[PDB]
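Data block for data_33.pdb (PDB, C-alpha atoms):
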```
ATOM      1  CA  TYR A   1      34.462  41.607  16.383  1.00  0.00           C
ATOM      2  CA  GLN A   2      31.426  39.671  17.655  1.00  0.00           C
ATOM      3  CA  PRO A   3      31.046  36.251  15.965  1.00  0.00           C
ATOM      4  CA  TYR A   4      27.843  34.900  14.457  1.00  0.00           C
ATOM      5  CA  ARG A   5      26.086  31.534  14.049  1.00  0.00           C
ATOM      6  CA  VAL A   6      25.238  30.689  10.439  1.00  0.00           C
ATOM      7  CA  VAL A   7      22.921  28.105   8.843  1.00  0.00           C
ATOM      8  CA  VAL A   8      22.477  27.357   5.118  1.00  0.00           C
ATOM      9  CA  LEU A   9      19.451  26.061   3.231  1.00  0.00           C
ATOM     10  CA  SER A  10      19.736  24.761  -0.333  1.00  0.00           C
ATOM     11  CA  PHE A  11      16.757  23.465  -2.307  1.00  0.00           C
ATOM     12  CA  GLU A  12      16.920  20.970  -5.155  1.00  0.00           C
ATOM     13  CA  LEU A  13      14.343  19.127  -7.245  1.00  0.00           C
ATOM     14  CA  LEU A  14      15.229  16.022  -9.205  1.00  0.00           C
ATOM     15  CA  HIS A  15      13.692  13.244 -11.288  1.00  0.00           C
ATOM     16  CA  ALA A  16      12.685  11.629  -7.994  1.00  0.00           C
ATOM     17  CA  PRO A  17       9.262  12.492  -6.535  1.00  0.00           C
ATOM     18  CA  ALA A  18       9.271  15.577  -4.311  1.00  0.00           C
ATOM     19  CA  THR A  19       8.827  14.313  -0.742  1.00  0.00           C
ATOM     20  CA  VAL A  20       9.613  17.389   1.395  1.00  0.00           C
ATOM     21  CA  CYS A  21       6.975  20.127   1.162  1.00  0.00           C
ATOM     22  CA  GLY A  22       5.081  22.585   3.332  1.00  0.00           C
ATOM     23  CA  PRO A  23       1.999  22.348   5.542  1.00  0.00           C
ATOM     24  CA  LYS A  24      -1.567  22.419   4.248  1.00  0.00           C
ATOM     25  CA  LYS A  25      -4.031  24.554   6.199  1.00  0.00           C
ATOM     26  CA  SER A  26      -7.627  23.360   6.409  1.00  0.00           C
ATOM     27  CA  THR A  27     -11.175  24.643   6.966  1.00  0.00           C
ATOM     28  CA  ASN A  28     -13.990  23.088   9.007  1.00  0.00           C
ATOM     29  CA  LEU A  29     -16.703  20.944   7.443  1.00  0.00           C
ATOM     30  CA  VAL A  30     -20.047  22.428   6.356  1.00  0.00           C
ATOM     31  CA  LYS A  31     -23.052  20.237   5.591  1.00  0.00           C
ATOM     32  CA  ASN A  32     -26.559  20.574   4.119  1.00  0.00           C
ATOM     33  CA  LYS A  33     -25.806  23.537   1.819  1.00  0.00           C
ATOM     34  CA  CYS A  34     -24.396  24.205  -1.655  1.00  0.00           C
ATOM     35  CA  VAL A  35     -20.645  24.859  -1.344  1.00  0.00           C
ATOM     36  CA  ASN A  36     -17.408  24.433  -3.214  1.00  0.00           C
ATOM     37  CA  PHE A  37     -15.124  21.737  -1.864  1.00  0.00           C
ATOM     38  CA  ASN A  38     -11.527  20.520  -2.093  1.00  0.00           C
ATOM     39  CA  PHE A  39     -11.188  17.014  -0.635  1.00  0.00           C
ATOM     40  CA  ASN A  40      -7.495  16.082  -1.024  1.00  0.00           C
ATOM     41  CA  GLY A  41      -7.400  17.510  -4.542  1.00  0.00           C
ATOM     42  CA  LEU A  42     -10.869  16.353  -5.641  1.00  0.00           C
ATOM     43  CA  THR A  43     -12.538  19.640  -6.583  1.00  0.00           C
ATOM     44  CA  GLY A  44     -16.197  20.262  -7.279  1.00  0.00           C
ATOM     45  CA  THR A  45     -19.433  21.884  -6.153  1.00  0.00           C
ATOM     46  CA  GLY A  46     -22.465  20.375  -4.450  1.00  0.00           C
ATOM     47  CA  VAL A  47     -24.358  19.675  -1.238  1.00  0.00           C
ATOM     48  CA  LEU A  48     -22.509  17.517   1.294  1.00  0.00           C
ATOM     49  CA  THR A  49     -24.777  15.311   3.401  1.00  0.00           C
TER      50      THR A  49
ATOM     51  CA  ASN B   1      -5.134 -27.753   2.673  1.00  0.00           C
ATOM     52  CA  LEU B   2      -3.057 -29.123  -0.228  1.00  0.00           C
ATOM     53  CA  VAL B   3       0.697 -28.539  -0.169  1.00  0.00           C
ATOM     54  CA  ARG B   4       1.516 -28.546  -3.884  1.00  0.00           C
ATOM     55  CA  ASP B   5      -0.996 -26.158  -5.365  1.00  0.00           C
ATOM     56  CA  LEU B   6      -2.011 -22.664  -6.054  1.00  0.00           C
ATOM     57  CA  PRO B   7      -5.763 -23.167  -5.530  1.00  0.00           C
ATOM     58  CA  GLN B   8      -8.758 -22.655  -7.819  1.00  0.00           C
ATOM     59  CA  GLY B   9     -10.778 -19.970  -6.069  1.00  0.00           C
ATOM     60  CA  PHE B  10     -10.894 -16.194  -6.331  1.00  0.00           C
ATOM     61  CA  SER B  11      -9.541 -13.594  -3.906  1.00  0.00           C
ATOM     62  CA  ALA B  12      -8.052 -10.157  -4.550  1.00  0.00           C
ATOM     63  CA  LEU B  13      -5.130  -8.287  -2.989  1.00  0.00           C
ATOM     64  CA  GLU B  14      -5.520  -4.992  -1.116  1.00  0.00           C
ATOM     65  CA  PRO B  15      -2.790  -2.318  -1.254  1.00  0.00           C
ATOM     66  CA  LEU B  16      -0.222  -2.298   1.542  1.00  0.00           C
ATOM     67  CA  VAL B  17       2.359   0.508   1.097  1.00  0.00           C
ATOM     68  CA  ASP B  18       3.668   2.991  -1.484  1.00  0.00           C
ATOM     69  CA  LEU B  19       7.234   4.309  -1.493  1.00  0.00           C
ATOM     70  CA  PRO B  20       8.655   7.370  -3.322  1.00  0.00           C
ATOM     71  CA  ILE B  21      12.004   5.819  -4.310  1.00  0.00           C
ATOM     72  CA  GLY B  22      13.047   6.964  -7.816  1.00  0.00           C
ATOM     73  CA  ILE B  23      15.478   4.218  -8.872  1.00  0.00           C
ATOM     74  CA  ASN B  24      15.908   1.877 -11.839  1.00  0.00           C
ATOM     75  CA  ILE B  25      15.014  -1.755 -11.109  1.00  0.00           C
ATOM     76  CA  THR B  26      15.848  -4.473 -13.633  1.00  0.00           C
ATOM     77  CA  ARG B  27      16.383  -7.531 -11.415  1.00  0.00           C
ATOM     78  CA  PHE B  28      15.694  -8.958  -7.981  1.00  0.00           C
ATOM     79  CA  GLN B  29      16.585 -11.840  -5.658  1.00  0.00           C
ATOM     80  CA  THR B  30      14.832 -13.452  -2.729  1.00  0.00           C
ATOM     81  CA  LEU B  31      16.476 -13.403   0.722  1.00  0.00           C
ATOM     82  CA  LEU B  32      15.569 -16.547   2.651  1.00  0.00           C
ATOM     83  CA  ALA B  33      17.446 -18.093   5.546  1.00  0.00           C
ATOM     84  CA  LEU B  34      19.415 -21.311   6.170  1.00  0.00           C
ATOM     85  CA  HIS B  35      21.068 -23.028   9.160  1.00  0.00           C
ATOM     86  CA  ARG B  36      24.832 -23.068   8.460  1.00  0.00           C
ATOM     87  CA  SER B  37      26.151 -19.696   7.327  1.00  0.00           C
ATOM     88  CA  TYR B  38      28.365 -19.634   4.217  1.00  0.00           C
ATOM     89  CA  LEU B  39      29.865 -16.519   2.604  1.00  0.00           C
ATOM     90  CA  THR B  40      31.164 -16.551  -0.973  1.00  0.00           C
ATOM     91  CA  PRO B  41      33.834 -14.122  -2.261  1.00  0.00           C
TER      92      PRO B  41
END
```
Take the structure in the file and write it out as structure tokens.
Amino acid sequence: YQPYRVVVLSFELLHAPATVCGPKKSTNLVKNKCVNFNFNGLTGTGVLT
Amino acid sequence: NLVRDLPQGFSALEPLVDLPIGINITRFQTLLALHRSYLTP
């Protein structure tokens, strides 16, 4: 007998650019040694000084 | 200094904004003001 409280989600991609996405976890910055990096999509390897 | 002209120097334009709109645009119109408001049907 006890009523509920319901919520719907419905996802939809289109020809428009996708503007709603999820969060992007990060990692702290390491200098003076050879590492991989990912700076906003720019991938590579090197020494950050 | 001169009212008529586009001048004869060089200067470049920085980016301001960027909007994810997804439309079709084939035409435009400026929207400038006046003093006495007229509406056309």
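Applied to this file, the PyMOL selection byres ((chain A) within 12 of (chain B)) selects residues 14, 15, 16, 17, 18, 19 and 20 of chain A.
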Could you state the separation of atom CA of residue 4 of chain B and atom CA of residue 36 of chain B in Å, given to one decimal place?
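Atom-to-atom, atom CA of residue 4 of chain B to atom CA of residue 36 of chain B, that is 26.9 Å.
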Between atom CA of residue 32 of chain A and atom CA of residue 47 of chain A, measure the distance and give it in Å to one decimal.
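These two atoms are separated by 5.9 Å.
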Enumerate, as JSON, numbers by chain, the residues matched when the PyMOL selection byres ((chain A and resi 28) around 12) is run on the file above.
{"A": [25, 26, 27, 29, 30, 31, 37, 38, 39]}
Please report, as JSON, the centre and edge lengths in Å to one decimal of an axis-aligned box covering all listed atoms of segment 23-37 of chain B with 8 Å per side.
```
{"center_x": 20.5, "center_y": -9.4, "center_z": -2.2, "size_x": 27.3, "size_y": 43.3, "size_z": 38.8}
```
Excluding residue 34 of chain A and residues on its chain fewer than 3 positions from it, collect all residues at most 8 Å away from it, counting only C-alpha atoms, and give them as a list in words.
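Answer for this query is residues 45, 46, 47 and 48 of chain A.
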Would you mind reading off the distance between atom CA of residue 25 of chain B and atom CA of residue 11 of chain A, one decimal, in Å?
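About the pair atom CA of residue 25 of chain B and atom CA of residue 11 of chain A: they are 26.8 Å apart.
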Assuming the input is short of atoms at segment 1-22 of chain A, produce N, CA, C and O atoms for that part as a compact mmCIF listing (two decimals), in the frame of the given file.
```txt
# COMPACT_ATOMS: atom_id res chain seq x y z
N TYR A 1 33.73 42.73 15.81
CA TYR A 1 34.46 41.61 16.38
C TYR A 1 33.57 40.44 16.77
O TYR A 1 34.06 39.31 16.84
N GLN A 2 32.28 40.65 16.99
CA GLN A 2 31.43 39.67 17.66
C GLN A 2 31.00 38.58 16.68
O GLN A 2 30.33 38.88 15.68
N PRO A 3 31.35 37.32 16.92
CA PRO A 3 31.05 36.25 15.96
C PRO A 3 29.57 35.91 15.90
O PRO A 3 28.78 36.19 16.80
N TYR A 4 29.22 35.24 14.80
CA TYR A 4 27.84 34.90 14.46
C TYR A 4 27.65 33.38 14.50
O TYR A 4 28.57 32.62 14.80
N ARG A 5 26.42 32.95 14.19
CA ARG A 5 26.09 31.53 14.05
C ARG A 5 25.23 31.37 12.80
O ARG A 5 24.09 31.86 12.76
N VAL A 6 25.76 30.67 11.80
CA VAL A 6 25.24 30.69 10.44
C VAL A 6 24.65 29.32 10.10
O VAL A 6 25.18 28.28 10.51
N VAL A 7 23.55 29.32 9.35
CA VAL A 7 22.92 28.10 8.84
C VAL A 7 22.50 28.33 7.39
O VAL A 7 22.02 29.40 7.02
N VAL A 8 22.74 27.32 6.55
CA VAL A 8 22.48 27.36 5.12
C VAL A 8 21.27 26.47 4.81
O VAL A 8 21.09 25.42 5.43
N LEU A 9 20.44 26.91 3.87
CA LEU A 9 19.45 26.06 3.23
C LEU A 9 19.72 26.05 1.74
O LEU A 9 20.14 27.06 1.17
N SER A 10 19.50 24.90 1.10
CA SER A 10 19.74 24.76 -0.33
C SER A 10 18.74 23.76 -0.90
O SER A 10 18.76 22.58 -0.51
N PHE A 11 17.90 24.22 -1.82
CA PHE A 11 16.76 23.46 -2.31
C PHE A 11 17.07 22.90 -3.68
O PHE A 11 17.79 23.53 -4.47
N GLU A 12 16.52 21.72 -3.98
CA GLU A 12 16.92 20.97 -5.16
C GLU A 12 15.82 19.97 -5.52
O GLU A 12 15.50 19.09 -4.73
N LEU A 13 15.26 20.12 -6.71
CA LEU A 13 14.34 19.13 -7.24
C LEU A 13 15.04 18.29 -8.31
O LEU A 13 16.00 18.72 -8.95
N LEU A 14 14.50 17.09 -8.54
CA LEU A 14 15.23 16.02 -9.20
C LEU A 14 14.21 15.24 -10.02
O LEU A 14 13.04 15.63 -10.12
N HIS A 15 14.65 14.14 -10.64
CA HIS A 15 13.69 13.24 -11.29
C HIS A 15 12.90 12.43 -10.27
O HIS A 15 11.85 11.89 -10.62
N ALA A 16 13.40 12.33 -9.05
CA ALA A 16 12.68 11.63 -7.99
C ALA A 16 11.45 12.43 -7.58
O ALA A 16 11.39 13.64 -7.79
N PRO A 17 10.43 11.76 -7.03
CA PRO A 17 9.26 12.49 -6.54
C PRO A 17 9.59 13.36 -5.33
O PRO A 17 10.27 12.94 -4.39
N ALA A 18 9.08 14.59 -5.37
CA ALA A 18 9.27 15.58 -4.31
C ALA A 18 8.59 15.16 -3.02
O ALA A 18 7.35 15.12 -2.94
N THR A 19 9.37 14.86 -1.98
CA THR A 19 8.83 14.31 -0.74
C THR A 19 8.77 15.33 0.39
O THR A 19 7.95 15.20 1.30
N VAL A 20 9.64 16.34 0.38
CA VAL A 20 9.61 17.39 1.40
C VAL A 20 8.85 18.60 0.86
O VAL A 20 9.21 19.17 -0.17
N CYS A 21 7.76 18.96 1.53
CA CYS A 21 6.98 20.13 1.16
C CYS A 21 6.55 20.88 2.41
O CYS A 21 7.14 20.73 3.48
N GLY A 22 5.56 21.76 2.25
CA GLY A 22 5.08 22.58 3.33
C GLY A 22 3.73 22.14 3.86
O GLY A 22 3.09 21.24 3.31
```
